[PDB]
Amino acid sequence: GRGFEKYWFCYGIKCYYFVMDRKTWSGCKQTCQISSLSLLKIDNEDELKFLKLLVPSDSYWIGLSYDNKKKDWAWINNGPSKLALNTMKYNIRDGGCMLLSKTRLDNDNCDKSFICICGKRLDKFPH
């Protein structure tokens, strides 16, 4: 259940929620999930511009990880995105999971503990 911050924000059709405890990438993925949210997927450059603008200054796990079957960085659950990643920017030797900071996307050790940012669209309903 719930140990989230009491603030949250929205942009367009998507809101953004913050776990209180820092967690490993996997632990964040699962914490977003038990609450019907999902570790955050970033849909485009517009959205990225806004989050870097609006998030408090820190480093946040987001739902993007390197996938050795696809041979590429992939949004969780095959999630589709229009965010172009320059994958040369990212050395998988230095980390296979993505964080958001105010300054950039960076890859990092999946075992380090960062703030989880979970997203949920406003048109997301149980099925």
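Numbering starts at 1 and follows the sequence shown.
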86-94 versus 36-44: which one carries the higher mean Cα B factor per the record?
86-94
58-66 versus 71-79 - greater average Cα B-factor per the deposited record:
71-79
Could you tell me which one of 110, 20, 10, 118 shows the highest CA temperature factor in the PDB record?
20
So where's residue 28 on the chain's Cα temperature factor ranking, which third?
lowest
For residue 51, does the deposited CA B-factor place it in the lowest, middle or highest third of the chain?
middle
